[PDB]
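Q: Take 535 as the starting number for the sequence shown in the working numbering and just add one per residue. For every residue, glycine included, the Cβ atom is placed at its ideal position computed from N, Cα and C.
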Amino acid sequence: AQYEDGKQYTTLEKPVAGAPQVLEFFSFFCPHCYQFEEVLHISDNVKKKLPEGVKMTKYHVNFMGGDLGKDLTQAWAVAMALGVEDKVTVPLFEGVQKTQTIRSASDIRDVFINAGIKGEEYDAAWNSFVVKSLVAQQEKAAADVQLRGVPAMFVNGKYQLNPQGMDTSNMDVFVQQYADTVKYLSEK
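(1) If we ignore side chains and look at the alpha-carbon of each, how far apart do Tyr693 and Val679 end up?
(2) Between which two residues does the alpha helix (DSSP H) containing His566 stretch?
(3) How big is the Cα-Cα spacing for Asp539 and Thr702?
(4) Whether or not the stretch 591-601 and the stretch 670-684 are in contact is what I'm after, with contact meaning three or more pairs of Cβ atoms, one per stretch, closer than 8 Å; do they touch?
(5) Please classify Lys632 as buried or exposed, where buried requires at least 16 other C-beta atoms within 10 Å of its C-beta.
(6) Which one or two residues does DSSP pair with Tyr693 in a beta bridge?
(7) Going by Cα to Cα distance, which pick from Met687, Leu602, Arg643 is closest to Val612?
(8) Where does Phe663 land, buried or exposed, given buried means 16+ other C-beta within 10 angstroms?
(9) Between the alpha carbons of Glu673 and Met705, how many angstroms are there, rounded?
(10) Do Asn579 and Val665 have their CB atoms nearer than 7 Å?
Shown next as structure tokens:
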């Protein structure tokens, strides 16, 4: 066939009931995640091709960058709660991987302040129980699929994207292949 299990995707032997439709996992410490976000714009090109009525979820993971890695998952929780994902994603990636000016929770906070979120509003979010269960959600979802690597994408708690089985000669072609695969898996 054209799309085959083990080729453009793998199947979970242990399917996750009630999982979000399109589920992406990343880390601001993850070099391919930086590529996926800033160079390839994967999340975005997938969205562009999903049949609509399908919602996209992206979560941060703990298993990279030790203590800062966890701070980053809480900060991504804050980001989701405030709806400012689109304003901090790029300065968080560049602060962690490009300029390396993010070394502490306080530096993470600076990114949000500079993006225009107010100090009081950030600190309030940061410390809120609505942020704590949102952290819990990110951790539960990664736990449910035994996640040990990022970037990772899962469709309907049963299929996992397998980007190693796609041509990387051209970056545009890779993105479209990746996105069409998500759309196929989505219609499955």
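A: This is what the structure gives:
(1) Within the sequence shown, numbered from 1, the residue matching residue 693 stands at position 159. Within the sequence shown, numbered from 1, the residue matching residue 679 stands at position 145. Straight-line measurement puts the Cα of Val679 at about 10 Å from the Cα of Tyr693.
(2) Along the sequence shown, one-based indexing puts residue 566 at 32. 565-568 is the extent of the alpha helix (DSSP H) around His566.
(3) As a working mapping, residue 539 is identified with position 5 in the sequence shown. As a working mapping, residue 702 is identified with position 168 in the sequence shown. Their Cα atoms are separated by approximately 19 Å.
(4) Short answer: they touch.
(5) The count along the sequence shown starts at 1 and reaches residue 632 at position 98. Exposed, because fewer than 16 other Cβ atoms sit within 10 Å of the Cβ of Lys632.
(6) Sequence index remark: in the sequence shown, residue 693 carries index 159 (1-based). In DSSP, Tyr693 forms a bridge with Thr545, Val689.
(7) Walking along the sequence shown from the start, residue 612 turns up at place 78. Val612 has its Cα closest to that of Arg643, out of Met687, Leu602, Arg643.
(8) Working through the sequence shown from its first residue, we reach residue 663 at position 129. The Cβ neighbour count for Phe663, taken over all protein chains shown within 10 Å, is under 16; the residue is labelled exposed.
(9) In the sequence shown, the residue the question calls residue 673 occupies position 139. In the sequence shown, the residue the question calls residue 705 occupies position 171. Whole-angstrom Cα-Cα distance: 31 Å.
(10) Numbered from its first residue, the sequence shown carries residue 579 at position 45. Numbered from its first residue, the sequence shown carries residue 665 at position 131. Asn579 places its beta carbon 7 Å or farther from that of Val665.
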